[PDB]
Amino acid sequence: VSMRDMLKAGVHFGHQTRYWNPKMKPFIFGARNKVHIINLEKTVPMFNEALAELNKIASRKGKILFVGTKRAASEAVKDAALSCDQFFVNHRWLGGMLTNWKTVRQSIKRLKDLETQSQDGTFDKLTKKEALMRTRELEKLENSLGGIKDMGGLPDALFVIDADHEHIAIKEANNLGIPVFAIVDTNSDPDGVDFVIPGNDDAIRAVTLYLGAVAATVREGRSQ
Amino acid sequence: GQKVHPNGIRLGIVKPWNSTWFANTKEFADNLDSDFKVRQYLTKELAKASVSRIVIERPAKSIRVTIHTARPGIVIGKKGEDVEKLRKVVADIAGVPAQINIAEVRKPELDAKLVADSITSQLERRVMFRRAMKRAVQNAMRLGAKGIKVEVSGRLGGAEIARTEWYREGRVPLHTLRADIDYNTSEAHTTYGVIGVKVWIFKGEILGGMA
Amino acid sequence: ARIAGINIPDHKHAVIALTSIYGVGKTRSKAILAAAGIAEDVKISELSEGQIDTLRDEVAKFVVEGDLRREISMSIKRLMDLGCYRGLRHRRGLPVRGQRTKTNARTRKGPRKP
Amino acid sequence: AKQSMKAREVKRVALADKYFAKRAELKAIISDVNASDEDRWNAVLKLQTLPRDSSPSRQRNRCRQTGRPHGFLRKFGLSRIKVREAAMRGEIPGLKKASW
Amino acid sequence: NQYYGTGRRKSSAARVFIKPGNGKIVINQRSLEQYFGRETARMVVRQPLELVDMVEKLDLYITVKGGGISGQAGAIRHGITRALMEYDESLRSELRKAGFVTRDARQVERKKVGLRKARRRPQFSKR
Amino acid sequence: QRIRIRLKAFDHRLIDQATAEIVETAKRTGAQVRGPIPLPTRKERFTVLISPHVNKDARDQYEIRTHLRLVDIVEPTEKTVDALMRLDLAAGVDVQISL
Amino acid sequence: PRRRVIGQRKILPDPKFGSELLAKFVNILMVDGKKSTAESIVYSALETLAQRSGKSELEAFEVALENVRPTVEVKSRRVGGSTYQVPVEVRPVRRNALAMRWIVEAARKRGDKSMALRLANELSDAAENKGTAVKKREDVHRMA
Amino acid sequence: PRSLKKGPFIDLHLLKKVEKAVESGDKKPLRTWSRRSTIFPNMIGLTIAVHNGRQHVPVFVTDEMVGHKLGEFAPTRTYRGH
RNA sequence: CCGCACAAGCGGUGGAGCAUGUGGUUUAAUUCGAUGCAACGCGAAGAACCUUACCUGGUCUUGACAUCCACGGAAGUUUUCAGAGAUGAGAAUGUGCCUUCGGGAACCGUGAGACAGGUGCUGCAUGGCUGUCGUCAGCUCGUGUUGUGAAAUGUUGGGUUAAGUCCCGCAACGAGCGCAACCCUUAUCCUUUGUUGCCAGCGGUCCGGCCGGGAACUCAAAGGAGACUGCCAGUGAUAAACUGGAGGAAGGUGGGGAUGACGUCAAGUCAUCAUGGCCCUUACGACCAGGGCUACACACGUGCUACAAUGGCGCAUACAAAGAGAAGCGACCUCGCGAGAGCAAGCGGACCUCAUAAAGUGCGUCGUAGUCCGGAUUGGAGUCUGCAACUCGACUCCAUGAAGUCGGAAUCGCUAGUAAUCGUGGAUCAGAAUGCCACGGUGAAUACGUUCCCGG
Ligand SMILES: [Mg+2]
Ligand SMILES: [Mg+2]
Ligand SMILES: [Mg+2]
Ligand SMILES: [Mg+2]
Ligand SMILES: [Mg+2]
Ligand SMILES: [Mg+2]
Ligand SMILES: [Mg+2]
Ligand SMILES: [Mg+2]
Ligand SMILES: [Mg+2]
Ligand SMILES: [Mg+2]
Ligand SMILES: [Mg+2]
Ligand SMILES: [Mg+2]
Ligand SMILES: [Mg+2]
Ligand SMILES: [Mg+2]
Ligand SMILES: [Mg+2]
Ligand SMILES: [Mg+2]
Ligand SMILES: [Mg+2]
Ligand SMILES: [Mg+2]
Ligand SMILES: [Mg+2]
Ligand SMILES: [Mg+2]
Ligand SMILES: [Mg+2]
Ligand SMILES: [Mg+2]
Ligand SMILES: [Mg+2]
Ligand SMILES: [Mg+2]
Ligand SMILES: [Zn+2]
């Protein structure tokens, strides 16, 4: 992504000067209208160097977890993961999701069992209310684990939107050593992101830019 | 509080009776008396064959008894000799032409009667009970049981005050009638007193009614 | 009017006004009436003595009033004289026919006493 | 109960069945209309000579497993207790918990 | 010509046969007054015909078993309503509006153990 | 001439199996049957005290429901009465034959 | 009702006047579920009431209960922590029932050998605001 | 009452005792337990020691007692008051 | 914040009579146990004998009941005397069966000890079973995270539910036991099968579905369909969900049941049974007759019947459900005022029988009274069951006609087919229901509300 490509999308946007985090000073161009302005001169090379690492991980058969819980951007992140056949979390993050990998496996198994049961049959054996209830639980589990039913082993890389909002995820990742790739607004604490992208995390246009560029490079890394 | 007998409540839904003959009120009582005494005789005589259930079904002129044991070769002895002997015996008790057809249980660790009597046989041999019950539950679920709960009550370890000790593992949903929950009770007579064991073994929901 | 026995019957349906006498009740009364031929719904007033004397004649056949009172008193006195169980319970003033006496035997013991 | 009671019951029934025919014929002669009151008299005297434990009205249905003299159920021949064990264990055919 | 309904109220069950006629009623081979001496039954039996305002166009022959005088009245009402609907199939909405098509499911409640009557409890005592 | 068959049982499954086999073998010999007709089942109810001592209020209610089927063969061939005798009868099912 | 304030069910009109209030009246007068006795009593009383009041017997019943219907009554409240009486207005549907209840008990107290007559006499005195049915209404108004 | 078609009741051991007593003249009070037997006309003037359950109380039969059971003259409960 | 907890209602109890249980007192004995809720119409679903455990007396000591030993006798059947009876004393008959012929089995009797026997104690040694808070929505765990740690979190909060019910929120994520569902029953319909059940169209008739029939309907009993907040609108964080509406036989867990979490009360039960220990053993065991458990100055609890006219009585007459039946239910006719009796059909039962439902309705009478209310009590006379109704049965008839005229403080049940009221059946049982468990008929009033009372 080129600085002009970002700027038109508005990547330079940042949270009000009232709300910023101390470590973000190096990445901040300045202020206008009491608004923090992010410096694309740092943003572009860091994003490119992160894309290099993401291409490397995906080119060694990496499993990628796209992470974002914004109600506006949930579908964008889900489609972004689907466009590169990668796993995703688009709904509210569950506490200790990576730390309780054993607990999630049972939920995935239950989600797989419910979908398998509906295809196999025995819904007729169940009472009509019971069969409907099983379908509702399967739908709830799909809303809960649609993205990670095919996760298999813990992921090899994480992409995070608004790292401050998803702080539990990054704490887990660091506890596991799983690398964190994150779009970091001025209000976020950048310590948890090993490849940090400072940029707007709310605006739909810039978020879609991030996701599309990442997914293009991930498909490229897969293609070899 | 008290709990309904799990086997006695699932007779209509998932559990078959153990005496399936028919008779009108004229000779209902004495049928019951005869089959009670014959099954008690068989229990007393097969205290080592490890029998789990003795089902009894009567043709109009005959009595048919099916034994469920874990040691078929034992009860049939040599060339079916002793089984024919006890067939003559049940012929005496019932006063009726008798037929005995033994049946085996493939997973003896999955029979509430069997595991309960084994627990009691261990207790009367003066072994620490916690070991007994936890070994039983471990074996059961190692043999692929959906759940099992063991319960012992009495003067455990010769206690002056009787305590209740249970141990559950897996799923044991007593309230769900659809569940195949096999249950049986055994007693062990030690010098201190009589100790009672109860075993629930849940082997999976049976979708699709009785049949 | 006047009927055999000291008591005077009141003016109402004969079958009922006849019950006034100590020895006659509802079935014996209608028996007396049918024997005398007088209907039941007739009153004792508006009833000529020509049938009143017949009524007293037919009631004379049965034991009634004072003679019955003396006869029952002799029977209880005889019972007491035998010394039989019933005689004892009669002179004791207690239920005679085997009723429960642990409680609620008041009809023969009178009101509760301290 | 006490073995004495069960023995008493078995003796009572084993005498009632024995003297059944004689008792029946004698009661017939007694209650029979047109019977000569001397024959009726001899019959009512003879009746009380038989063992008093021959009258069937003198027996008591006891639990056929414990001898309990209460809570009896003619259909099964057991007290109100043992019927519950036999039922819950699946020994009384076609017997199950009712609900309506 | 013939239109049949079947109405049940409480423990009673009534077959109802409807033919074009002058308003003649017959119940168990008896006239409506021969059967129901009580006027309220005499009115609840004819309520639907008053609704559809066809009380001299239809002769109906009905027979009812079980229940009591009012139970049977309700059963025959529910029967003649079903018969009418099978005869017209447009009075359905009106009869439904009057609550004549409901087959009231109310039934007597069983006695319960330790309870003198269904939902009735023995008298409690303090001391 | 005809033969009435009453079948009593304690469970409808067994009685239905047996009556199906009866009507089948009878139809097989060509004897004309009157179908299986379900007569009202009987329900004996026993309300028995659950507690050994002092609990009149606490008790349980059991029932024995006996099911009753009636089949009828109007023109019984001589290949039939012997045939139905040969047919095996379940121990639970009770069969009564009446010409 | 602590949790769910359930709505009241509907009563069926009377088969002689289609009047919901008459049916409520007979339901109040009823004893031991003997509806037929109650309807006999009420129709007898209404017709004799008609004889004294001329035309419109159902209307005469309406104005009779009107002349004794209550407007204000004392109500108890424990909000103070001690018993506390307060004068409160009564909804029409409830004062209907109160008037009917007062009428029937007053009739039972009247005696004179027949319920039919007691009810009619009480209704006739109620129609003209008398018979002590109004006096009981007046005293609970005074207690405001 | 017992009946009329069956006549009064008496157990024959008491009957034999009473006939042997009357035919033999004045006798010692007859010691019997049969409270259930009824007083017959022949036993008038006799004296029967009838069991009250703890002792045989004497009862001197009079013609008035005829048509009654013996037990009616042997009370089985002692009571004086409170 | 819920709960008939209160309020709002309807009917009661508390007063009377009686039924029944208990305390007490009494007794030769009034057998034992149950004792705030959660003992007191409780064990006991049925004490005249029996039961029966108690009392009095009469009797037995390897025994009433079991095994083992020998020894002798088939077994068994029929009578006689004594005795209250256990028991003794006999007296006749039989003296059989199998067997490789010796014997055995079968039982019976006598002796020998091993032993049996205990409803004797301990439910504070216990098992088993049960009550209770409570059908309450709770009780927990795994892993994760937090804290130095005891621990916490989850399980709290916002809402919402019958509910730890559900959705959001939230370092928690899930799980298990409960909740709910699965089961029974009930409310609609469909299919299948039509006799002993059914009678619409049919003809026929003695007017009787009764007979030709008919398979429609009712019904019977198997299988199946149906309800899902599924639809609509409104409300609401667009959430959960709630309100209303549609259609529908049924609407918001449709109604009822079964189902009782972890535990609490050293709760109950050694007298169902089992059982550790203790104790008894010519007796604390065993048998018999009679008595007692039914007492009676009292006290308490639960019921029944009443005090009437919305009723009583007379006459006429209509509409059920659910059950039971072979030593059983027992029709019809005959007899009896009646309970019943005689005769005797049918029915192991959709067939025959119990068994004609009663409130109701129509007519008549009764006229507010201790009554044509009430039925206690008592006299007389009976029937039936049973060896036997004295203690101490039920019922019938005639006679008798207490108290009682709506019940103090206080207190109980109940939210709809409910309460209230009316009958019917069953278990136990020879006989003995006002109790219990079930069935239907008629069929309400009220609920503003959670401040108080009580329990969670
Ligand atoms: Mg229970
Ligand atoms: Mg009289
Ligand atoms: Mg014993
Ligand atoms: Mg008896
Ligand atoms: Mg039957
Ligand atoms: Mg209140
Ligand atoms: Mg009282
Ligand atoms: Mg006592
Ligand atoms: Mg004791
Ligand atoms: Mg009770
Ligand atoms: Mg305890
Ligand atoms: Mg105790
Ligand atoms: Mg909690
Ligand atoms: Mg909350
Ligand atoms: Mg939470
Ligand atoms: Mg549940
Ligand atoms: Mg609606
Ligand atoms: Mg205790
Ligand atoms: Mg005795
Ligand atoms: Mg007693
Ligand atoms: Mg009277
Ligand atoms: Mg009087
Ligand atoms: Mg008066
Ligand atoms: Mg009812
Ligand atoms: Zn941001």
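Residues numbered from 1 in each chain as written, not as in the entry; some residues may be left out. Chains lettered and ligands numbered in written order. Heavy atoms only, no water.

Per the deposition metadata, cryo-EM was the technique used to determine this entry, at a resolution of 2.95 Å.

### A look at the overall build of chain F
Looking only at helices and strands, chain F features 2 helices and 4 strands. Beginning at the N terminus, the succession of helices and strands in chain F can be written as β-α-β-β-α-β. Here the C-alpha radius of gyration of chain F, 19 Å, is well above what a compact globule of 99 residues would show, namely 13 Å. Considering only C-alpha atoms, chain F reaches an extent of 65 × 20 × 20 Å along its principal axes. (Helix = DSSP H or I, 4+ residues; strand = E, 2+ residues; numbered from the N terminus. Rg over C-alpha atoms; globule rule 2.2 N^0.38 Å.)

### A closer look at the interface of chain D and chain B
Between chain D and chain B, the residue contacts involve 17 residues of the former and 19 residues of the latter. Both sides of the chain D and chain B interface together cover about 1700 Å² of buried area, and 57% of this is carbon and sulfur. At the boundary of chain D and chain B, one finds 2 salt bridges. In this structure, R39(B) and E91(D) form a salt bridge, with 3.6 Å as the shortest nitrogen-oxygen distance. (Contact = heavy atoms within 4.5 Å. Buried area = accessible area lost by both parts, 1.4 Å probe. Salt bridge = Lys/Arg side-chain N within 4 Å of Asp/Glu carboxyl O.)

### Section: the arrangement of the chains
Sorting the 9 pairs of chains in contact by contact count puts chains B and D at the top. There is a gap between chain A and chain F: no contact, and a shortest C-alpha distance of 19 Å. As for chain H relative to chain A, no contact occurs, and the smallest C-alpha gap between them is 68 Å.

### Regarding the protein's contact with RNA strand I
Taken together, 259 residues form the shell around RNA strand I, and within it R100(C), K18(D), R58(D), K126(E) and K8(F) come nearest. Here the atoms of RNA strand I within 4 Å of the protein split so that 73% fall in sugar or phosphate, with bases taking the remainder. Within the side chain of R80(D), a nitrogen or oxygen atom sits 2.7 Å from a phosphate oxygen of RNA strand I. Between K8(F) and RNA strand I, the recorded distance is 2.3 Å, taken from a side-chain N or O atom to a phosphate oxygen. A per-element tally of the surface near RNA strand I places strand β2 (residues 32-49) of chain F first, with 12 residues. Of the residues belonging to the surface near RNA strand I, the class tally is 78 nonpolar, 75 polar and 106 charged. (Near = heavy atom within 4 Å. Polar contact = N/O pair within 3.5 Å; in protein donor to acceptor, adjacent residues only side chain to side chain. Nonpolar A, V, L, I, M, F, W, Y, C, P; charged D, E, K, R; others polar.)

### A short note on the pattern of salt bridges
Opposite charge on two side chains permits pairing when their charged atoms draw close. What the rule picks out here adds up to 46 salt bridges over all chains. Where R58(D) meets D53(D), a salt bridge forms, and the shortest distance between an N and an O atom there is 2.3 Å. With a relative accessible area of 12%, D53(D) lands in the buried category. The partner of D104(E) in a salt bridge is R9(E), and the shortest N-O contact between them spans 3.0 Å. Of this pair, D104(E) sits in the segment after α5 (92-97) while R9(E) is found in strand β1 (residues 3-9), placing the two residues 95 residues apart along the sequence. Among the charged side chains, a network of salt bridges with common partners joins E9(D), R12(D), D53(D) and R58(D). (Buried < 20%, exposed > 50% of the residue type's maximum accessible area, 1.4 Å probe, protein only.)

### Quick notes on the packing of helix α4 (residues 101-120) of chain A against helix α5 (residues 128-145) of chain A
Residues and elements named next belong to chain A. Direction vectors running N to C along α4 and α5 enclose 135°, while the axes themselves pass 9 Å from each other. Regarding the angle of α4 to α5, the classification is oblique. Viewed along their axes, α4 and α5 form a crossing whose handedness is left-handed. Contacts from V104, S107, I108, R110, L111, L114, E115, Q117 and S118 of α4 reach α5 at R134, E137, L138, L141, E142 and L145. Counted by class, the contact of α4 with α5 contains 7 nonpolar, 3 polar and 5 charged residues. (Axes fitted to C-alpha atoms, helices over the stretch in contact; angles between N-to-C directions. Parallel < 35°, antiparallel > 145°, perpendicular 65-115°, else oblique. Left-handed = near helix turned anticlockwise from the far one by under 90°.)

### Observations regarding the sheet that holds strand β2 (residues 47-51) of chain H
Residues and elements named next belong to chain H. One open sheet accounts for 3 strands, arranged β1-β2-β3; its pairing is mixed. Every interior strand has two partners, whereas the edge strands, β1 (30-32) and β3 (56-60), have only one. Across the sheet, the axes of successive neighbouring strands diverge by a mean angle of 25°, strand direction being ignored. Bridge count for β2 against β3 is 5 bridges, and the pairing is antiparallel. Among the inter-strand pairings, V50 is bridged to a residue of β3, identified as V57. (Pairing = 2+ DSSP bridges.)

### Structural notes on the sheet that holds strand β5 (residues 87-89) of chain A
Residues and elements named next belong to chain A. Strand order in the open sheet made by the 5 strands is β5-β4-β6-β7-β8, with parallel pairing throughout. Each edge of the open sheet is held by one strand with a lone partner, namely β5 and β8 (195-198). Ignoring strand direction, the axes of neighbouring strands in this sheet form an average angle of 15°. Relative to β8, strand β7 (residues 180-184) runs parallel, the two being bridged by 4 bridges.

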